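1. Here's a sequence, model it:
(4 chains, ligands or ions: 4)
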Number of protein chains: 4
Amino acid sequence: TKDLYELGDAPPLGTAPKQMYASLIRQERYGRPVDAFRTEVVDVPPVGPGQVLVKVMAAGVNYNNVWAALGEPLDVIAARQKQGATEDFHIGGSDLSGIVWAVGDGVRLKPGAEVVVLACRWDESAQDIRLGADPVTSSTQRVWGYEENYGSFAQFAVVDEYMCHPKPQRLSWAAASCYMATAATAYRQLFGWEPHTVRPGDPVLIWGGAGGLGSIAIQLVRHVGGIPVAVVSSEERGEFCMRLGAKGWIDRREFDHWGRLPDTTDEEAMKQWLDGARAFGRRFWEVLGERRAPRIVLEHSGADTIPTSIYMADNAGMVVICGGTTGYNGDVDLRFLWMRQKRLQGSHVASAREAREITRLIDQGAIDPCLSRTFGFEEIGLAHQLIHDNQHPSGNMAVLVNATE
Amino acid sequence: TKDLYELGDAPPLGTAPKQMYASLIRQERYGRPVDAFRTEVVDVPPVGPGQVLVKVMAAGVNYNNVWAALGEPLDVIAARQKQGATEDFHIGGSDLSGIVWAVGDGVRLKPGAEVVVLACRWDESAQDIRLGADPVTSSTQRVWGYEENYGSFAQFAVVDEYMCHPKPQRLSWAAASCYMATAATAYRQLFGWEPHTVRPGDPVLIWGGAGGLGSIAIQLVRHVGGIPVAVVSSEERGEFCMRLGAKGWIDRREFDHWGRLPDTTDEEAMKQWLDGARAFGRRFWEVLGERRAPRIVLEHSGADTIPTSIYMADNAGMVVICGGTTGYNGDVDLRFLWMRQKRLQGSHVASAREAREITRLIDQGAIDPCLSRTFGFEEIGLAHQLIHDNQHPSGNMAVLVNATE
Amino acid sequence: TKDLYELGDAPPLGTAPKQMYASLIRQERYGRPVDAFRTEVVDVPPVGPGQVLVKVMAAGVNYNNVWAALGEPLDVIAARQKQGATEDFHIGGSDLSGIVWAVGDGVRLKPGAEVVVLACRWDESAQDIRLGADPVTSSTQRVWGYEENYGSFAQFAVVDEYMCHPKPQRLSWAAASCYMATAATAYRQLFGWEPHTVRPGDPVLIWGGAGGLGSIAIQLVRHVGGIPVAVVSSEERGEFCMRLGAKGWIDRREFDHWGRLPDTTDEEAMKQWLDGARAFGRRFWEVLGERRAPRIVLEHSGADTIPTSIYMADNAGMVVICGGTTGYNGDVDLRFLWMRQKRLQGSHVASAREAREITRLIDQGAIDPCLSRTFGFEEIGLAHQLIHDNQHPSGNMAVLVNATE
Amino acid sequence: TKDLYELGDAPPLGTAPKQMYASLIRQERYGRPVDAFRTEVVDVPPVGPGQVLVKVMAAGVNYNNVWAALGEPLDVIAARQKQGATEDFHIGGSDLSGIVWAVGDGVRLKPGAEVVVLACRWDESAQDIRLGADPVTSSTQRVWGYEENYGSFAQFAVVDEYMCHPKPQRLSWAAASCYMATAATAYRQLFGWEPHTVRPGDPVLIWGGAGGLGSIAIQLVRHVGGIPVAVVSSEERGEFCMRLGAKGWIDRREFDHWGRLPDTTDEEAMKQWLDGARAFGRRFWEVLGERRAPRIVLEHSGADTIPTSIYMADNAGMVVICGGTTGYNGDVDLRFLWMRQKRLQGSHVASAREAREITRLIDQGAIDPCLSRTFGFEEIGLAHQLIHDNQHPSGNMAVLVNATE
Ligand SMILES: NC(=O)c1ccc[n+]([C@@H]2O[C@H](COP(=O)([O-])OP(=O)(O)OC[C@H]3O[C@@H](n4cnc5c(N)ncnc54)[C@H](OP(=O)(O)O)[C@@H]3O)[C@@H](O)[C@H]2O)c1
Ligand SMILES: NC(=O)c1ccc[n+]([C@@H]2O[C@H](COP(=O)([O-])OP(=O)(O)OC[C@H]3O[C@@H](n4cnc5c(N)ncnc54)[C@H](OP(=O)(O)O)[C@@H]3O)[C@@H](O)[C@H]2O)c1
Ligand SMILES: NC(=O)c1ccc[n+]([C@@H]2O[C@H](COP(=O)([O-])OP(=O)(O)OC[C@H]3O[C@@H](n4cnc5c(N)ncnc54)[C@H](OP(=O)(O)O)[C@@H]3O)[C@@H](O)[C@H]2O)c1
Ligand SMILES: NC(=O)c1ccc[n+]([C@@H]2O[C@H](COP(=O)([O-])OP(=O)(O)OC[C@H]3O[C@@H](n4cnc5c(N)ncnc54)[C@H](OP(=O)(O)O)[C@@H]3O)[C@@H](O)[C@H]2O)c1
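-> Numbering: from 1, shown residues only, chains lettered A, B, ... in the order given. Ligands and ions are numbered 1, 2, ... in the order given. The protein structure is shown below:
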């Protein structure tokens, strides 16, 4: 009926309001994430066919929104405008839990359904998909809430039907909103790239074990009987990894060989580098209690760590990477790679199927979403300021929207 | 009966001589490959259990022997001595065709059998193999004739039984000896790494198409209905690739972006680099006749070419590499790798199964071993001098031993 | 513009007529296929979104239409009516070549495009598909032209976009229309069920080698270097299989153990049965020239042949079956199946991807569609009468519609 | 030193006695398992190369020994004699836990090592294995203790090195001896046949859930997040399945359609049969709480149950079977199999790798071996008499040999 509802409120189920509250970034306030976000009123986008409107109960936090709020080196608002967009703002957020509130044509999902979203859109009619491509790898794939405007930091969100998954009942709205992009991504890294998937007895090296990705990965690895070794930068983060089921941890502050690889011709430099990697390898042996290499290395740290990751992975093993926190130069020593027949695999979010499987595991209580802290809607900036300053807590964080839980 | 037979001759079938002619490298004559090899008399190693003695009819040529003959940067003779070896020489060669002449205990292979060898040894009792590892990827794997002494540049060779494959009848001894390490390696690159194996309609980028690896790869790709695009450095090498079934070719001399990747932070440098890679990508489009990316990139060229290879491979595609001709720094732009979910796969020689399958294809006449030139036994040095000076002909080369064909 | 065009004619490109000529079955004339089909005028169905209208140039022939024309044991017209259909007729045909003539909304395919169709429809929005199911295996899958009315025996046909594949240029309209369901189905059987796909050196047993399925299968197997052994019921059909690249053939008339398996408790009966299967196995050895079992058995013959097929398949081999010509009781001796760890795989038509790959192979001239005979539009009945009476020629047959080639 | 040691005793570690106590079957006492076994003194077989002598601490029980003790329909003693064996007795047992006591040449395993054995032997030099065959599927594979004499019902046992796996520390000798053939076999059924392996959210139908196979399977399925539905013949067996993590159970006594399939031509019979299978399918829906089919059906029951299993499995699902308790006629309705593209997979024991993985899961406490009852060495007959009379308890049973735990 009405055009605008305050946070926590909604029109009659099955109907959409004309407007809504959402947290916007604008070019004029690019900068500190704490200054970048402001709550405004905006029009609610239309609910086209195959789509549904979700009453957003809580939204997750991530790195993407930090870079969006900075503007550098990519003005996402300006980028979209150069692609035909008329918005002079950006609504971020690429995780949510909520309630289907209205649906478009062709949709089978009924108003009232409780859902968690995988923030990936693709064209279900795309030729590569129709010929057997995994949609998240399709040419038409893009991250909702980051590459596309009108993400989850909004009272309502329009999504495609295939993007929805059943909210695990036992979870709070906040916890149900914090895990999907992080957990699903880790799940794909570990179980999505046959034949290099974690098996019982497999040692796994997990960079940033106390982080969002790593928190889920440690659990996933221990769950199927693998042996998780975590990399941390503090004793407390180490203990947290032990809480999650880690065999043990390695403190990266012990080493100084991190970074780009020298010219493989620079013999002196390489030997010096090798000493660093071997020392790291020793620690790994000491944590594991045996002289084995990780069959799989979970990467995302990128430039500083990739050369070590390549060295560490077992013969016929895999380094699988979904990001580049410390930079995008992945320097590979090809001798390690080809002679031992190792795999460096790029990975990015997850498939619908994988989103569903990890949701089931969490629903059943096998995996914990690791909700570390919940923020209010006016604290979206604060929360992203934490990440930016690398002051965020271990695990995953969330933001209440229409919910009180 | 007798202790020594001249080249072309042999004791009674089923028996081993005490000595033999072979082509040796010695530390005192490390250097120019043409000076490095000399024919000498040496003791014939014992034929232990599981092993067989082969009367060597012809032996193949490769890069390994060139580096062995140079001594730098790895004194293979000194290396082996530090591992307990008593030889003060090195007999190279990692390809042969020949006749089983005597067999050890447990061997089912009968004297008289005509064989081609895959020059890879491993421990059939190794725990990783017994637990399902692919033997060529095992911790106990090593290249016979390069990492191990007493290779194929000898009148007789002792090999393990599992190393033998039926010589294709229709082939000369020279042709049957030239293909295995090269063809089998290319076959594994293209068909050994599911799910990234060449399918009908798949475009494939093949570096060094006119070389040994590339010659086989072009044929293999066209055979299963794929679309081979070759990279060459001359018009004549381009035409040769067309002879083999290539859609077309790209001349690498057209470009100057080759080499290590700049810091991904060096924006100017990267854009300049990207211009180079995009120009290369244009040529590829023009050869293919359509705007598609290679699903698989066959690599081996290494440092100069890997960044381009990474850029070129399709979403969810694979770059598979078995060497580093131009250097061992494989610089990866992680954004290309993770966002498009690409695979960089190390590959090294082949499995027994793969050696057999490519042998069958050649036996049936589907694939040509591309024997380019045959040398006499005293020309082993000359032939390796050619490779060293990059003056060798397209395709694969061989050396007569006991044979006249 | 106009409402009706005679065969061979069409409205302006991009437009649809209101009516068309098509060949109908009606309940009142169920029976002999030669009496069952009659050419009538009918309304042209609407071209909804995602769909396109095709000017049908030629249509393929198959078993399905024979059973449709008989009415027994399934009145397809009555069946559909019980599912809400208002038609009192049935237009069959599940293969066509033709020209896109008009398109619905969301379609990227342009009028003028020449296409071959895979006669399988599914719901691209189905949850099982979205969660990673192969669409042809989906709960919403069905054969266009058989389970659905308005198949290809019509001047125009409405299809879904994903159903279209590029017509191979070098083919006549008749040849381009005859192969898809048959070739694609065989292709899936042989290459669609990893890890049991044909590899170089693999012997393959192919029932009905001179038929449509078998004609393509023999070629596909020989193409990747496998060894095709064909089963036929006549010397001439044997020679035809030799034409296609078969190693040799087996004459099934030599044996009398065909049919359902006796109770495995009936020792006498089973030994008698085993004698039959062993004799068949001997012939297979004699054709192959060695004592090996087929790694893959291409089935479709069904009840009479399945017990033999199960016995014949190699340890860890596969029997893959897409039909039951002689009946639907597939009697398995579980001892053969479990002790040798064999796979009995059901298979049905093909995926879009597989339709495309086999089309590419045919386009490139690696595979011949084996067009055996072409009929005129008024001979649809005659052609199906042949199949019914088992008097049809080897290979695949087609029917001209708007075309003269 | 000495030639014979009483049960519980042994020569100096590293040495073998000339004789030993073992439980023998002899032809003269074929019949009731309780009469068939008698403890005698026998020579200890030699410890050839690659082999090790194990001081047997406990041995597992199974079906095989029951059929061995009956003699019908296969005189295993006479069979072996016709293959050249000189023994006039048979020592059964195909599971053990124990201590490596002496080793042959080439063995790396050291005296003192605690081991569990996978009772499968194969020729590590076999050509099919060397060309990539899974050894348990090899032509040279056979079950130690059943197809071969001198199994585990003996004070000492000679095994091949590859057959040994680390005993899980936390287990009693009895528990460590009872699980391997049963657990490993179930593990292969569920995780060994890609792409049909249990995934999170997968419903799985498990015949005989309270038995040895089923006990492990229920746990394995629930462990990876699947949904186990058990088939039992009593309320108490149902509750036991609930103990193991089952969603629920089905009572097979409710149905009477069990057995061989009628002729698919016998319409009346088939409809009657279908009513039975649909009723079974209803119960499955009611247990699951939703209208889904099992993605995987764990079979072994055989003739009575296979037709139902085939009907039940999901589109593109798998029925995997490792036995035929109720008979060896696996009657398949091919229409269900091909139209829904289902897989009927034979499976038999396990690979070394799989034995190791399930051992790791049990070692870590994720899976319980379900030791139901332990017998003394003179009760081997009694225990097998139970199985024979179908009076054995749920789970797995074991027999003490040299151990008191
Ligand atoms: N779909 C996708 O592509 C996807 C999905 C999720 C995440 N990601 C990416 O993956 C990365 C991690 O995400 P996240 O959510 O886990 O972030 P997070 O919660 O902050 O965890 C990242 C962890 O990385 C470790 N780290 C930071 N700098 C490092 C260095 N120089 N060397 C080694 N380790 C270092 C830190 O732990 P310690 O200080 O304890 O070592 C940090 O906690 C981000 O770059 C993110 O953008 C991508
Ligand atoms: N088991 C194994 O690991 C294995 C097996 C076989 C080969 N390999 C390795 O693979 C590499 C190629 O072997 P091959 O036998 O094919 O040697 P080859 O016959 O000499 O072919 C190599 C080709 O690489 C191309 N190339 C050279 N420099 C290049 C550059 N800077 N950029 C781009 N392309 C360049 C050349 O062709 P154009 O000048 O026409 O471009 C050359 O013909 C060698 O490094 C070898 O050691 C490894
Ligand atoms: N998508 C699908 O599910 C799909 C697709 C294509 C075909 N199919 C089915 O596959 C079957 C074959 O199709 P098709 O197009 O190849 O038909 P086809 O051209 O008639 O070939 C079938 C061949 O089967 C052989 N055959 C007949 N009776 C036999 C018996 N009692 N024992 C052994 N062999 C016998 C015959 O050859 P000989 O007399 O020379 O032995 C006959 O030529 C049909 O039942 C069809 O419905 C299914
Ligand atoms: N490597 C191998 O090939 C391998 C390994 C292990 C087992 N097996 C075979 O698998 C089968 C089961 O072994 P197991 O150790 O689990 O034996 P088990 O412990 O006795 O369990 C078998 C269960 O099957 C069920 N069953 C019996 N008759 C049935 C019928 N007519 N219909 C449906 N279900 C029935 C029974 O449970 P309810 O009465 O509660 O239904 C019984 O408890 C045996 O035939 C065995 O030889 C083979």
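2. nearest residue to the residue of chain A found nearest ligand 4 other than its sequence neighbours?
-> Ligand 4 sits closest to residue A:200 of chain A, with a gap of 19.6 Å, by Cβ to the nearest ligand atom. Any C-beta I mention is one placed from the backbone N, CA and C, and that applies to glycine too. The spatial neighbour of residue A:200 that comes closest, neighbours along the chain excluded (Cβ to Cβ, 6 or more residues apart in numbering or on different chains), is residue A:225 at 3.5 Å.
3. what's the spacing between that neighbour and residue A:245?
-> From residue A:225 across to residue A:245, the span is 11 Å (Cβ to Cβ, to the nearest Å).
4. can you check residue A:62 too?
-> 24 Å.
5. and the stretch 251-400 of chain A, which residues reach chain C?
-> When proximity is defined by Cβ under 8 Å from any Cβ of the partner chain, the stretch 251-400 of chain A lies next to chain C at A:351-353, A:356.
6. at 6 Å instead, please
-> Within the stretch 251-400 of chain A, the positions adjacent to chain C are A:352-353 by Cβ under 6 Å from any Cβ of the partner chain.
7. What segments of the stretch 251-400 of chain A are strands?
-> Listed in chain order, the strands of the stretch 251-400 of chain A (DSSP state E, counting those that start in this stretch) span A:296-299, A:318-321, A:329-333, A:343-346, A:371-375, A:396-400.
8. Ok, which of those strands comes nearest residue A:189?
-> strand A:318-321 (4.5 Å; Cβ to Cβ).
9. Packing partners of the closest one?
-> strand A:296-299, strand A:343-346 (3 or more Cβ pairs under 6 Å, 6 or more residues apart in numbering or on different chains; DSSP states H and E).
10. Mean neighbour count added to the ones you listed, as TSV?
-> Formatted as TSV, the helices and strands packed on strand A:318-321 follow (neighbours: other Cβ atoms under 10 Å in any protein chain shown):
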stretch	mean neighbour count
strand A:296-299	31
strand A:343-346	26
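11. What's the local residue count around the residue in chain A that ligand 3 sits nearest to?
-> Nearest to ligand 3 in chain A, going by Cβ to the nearest ligand atom, is residue A:132, at a distance of 18.4 Å. As a burial measure, residue A:132 scores 16 neighbours (other Cβ atoms under 10 Å in any protein chain shown).
12. Run through who's touching the lengthiest helix in chain A.
-> Scanning chain A for the helix with the most residues, using DSSP state H, yields helix A:267-288. Applying Cβ atoms under 6 Å, 6 or more residues apart in numbering or on different chains, the external contacts of helix A:267-288 come out as A:203, A:229, A:247-248, A:250, A:255, A:257, A:262, A:291, A:308, A:311.
13. mind running it again at 7 Å?
-> Residues outside helix A:267-288 that contact it (Cβ atoms under 7 Å, 6 or more residues apart in numbering or on different chains): A:203, A:205, A:227, A:229, A:247-250, A:255-257, A:261-262, A:264, A:291, A:308, A:311-312.
14. List only those of the residues you listed flagged as buried.
-> Buried subset of the contacts of helix A:267-288 (neighbour count, 16 or more other Cβ atoms under 10 Å in any protein chain shown): A:203, A:205, A:227, A:229, A:247-250, A:257, A:261-262, A:264, A:308, A:311-312.
15. what does the stretch 151-300 of chain A put close to ligand 1?
-> Within the stretch 151-300 of chain A, the positions lying close to ligand 1 (Cβ under 6 Å from any ligand atom) are A:181-182, A:185, A:207-208, A:210-214, A:231-233, A:237, A:252, A:300.
16. mind running it again at 8 Å?
-> The stretch 151-300 of chain A comes close to ligand 1 at residues A:181-182, A:185-186, A:207-215, A:231-234, A:237, A:252, A:258, A:300, as judged by Cβ under 8 Å from any ligand atom.
17. tell me the SS of the residue nearest to residue A:2 when sequence neighbours are not counted?
-> Nearest non-adjacent residue to residue A:2, counting by Cβ to Cβ, 6+ apart: residue A:11, 6.1 Å away. Per DSSP: H, G, I helix; E, B strand; the rest coil, the local secondary structure of residue A:11 is coil.
18. wait, isn't residue A:11 in contact with residue A:19?
-> No: the criterion here is Cβ atoms under 7 Å, and residue A:11 misses it with residue A:19 at 11.0 Å.
19. Looking at those two, which one has more neighbours?
-> Set side by side, residue A:11 and residue A:19 show more neighbours around residue A:11, with 18 against 15, by other Cβ under 10 Å.
20. Could you tell me how many residues sit around the residue lying closest to residue A:394 once chain neighbours are set aside?
-> Distances taken as Cβ to Cβ, 6+ apart place residue A:210 nearest to residue A:394, at 4.2 Å, with adjacent residues excluded. Using other Cβ under 10 Å, residue A:210 has 28 other residues around it.
21. Could you do residue A:187 as well?
-> Other residues close to residue A:187 by other Cβ under 10 Å number 23.
22. Quick check: it vs residue A:221, distance?
-> 11 Å.
23. With residue A:399 instead?
-> From residue A:399 over to residue A:221 (counting by Cβ to Cβ), the distance is 29 Å.
24. ok so, going back, just checking, the residue nearest to residue A:394 touches residue A:243?
-> No: look at residue A:210 against residue A:243 with Cβ under 7 Å: they stay out of range, at 9.5 Å.
25. Tell me which of the strands of the stretch 251-400 of chain A sits most buried.
-> strand A:296-299 (a mean of 31; mean count of other Cβ atoms under 10 Å in any protein chain shown).
26. CA atoms of that one as PDB?
-> Taking C-alpha atoms only, strand A:296-299 is exported to PDB below (Å, rounded to 0.1, in the frame of the first residue of the first chain):
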ATOM      1  CA  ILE A 296      46.000 -28.400  -0.900                       C
ATOM      2  CA  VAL A 297      47.000 -24.900  -0.100                       C
ATOM      3  CA  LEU A 298      44.200 -22.400   0.500                       C
ATOM      4  CA  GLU A 299      45.300 -19.000  -0.900                       C
END
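27. touching chain B at all, it?
-> No: judged by Cβ under 7 Å from any Cβ of the partner chain, strand A:296-299 and chain B are separated, with a smallest distance of 8.9 Å.
28. Show me what that strand pairs with in its sheet, parallel or antiparallel.
-> Sheet neighbours of strand A:296-299, with direction, are listed as strand A:203-206 (parallel), strand A:318-321 (parallel) (DSSP bridges).
29. Please consider this matter closed, and thank you.
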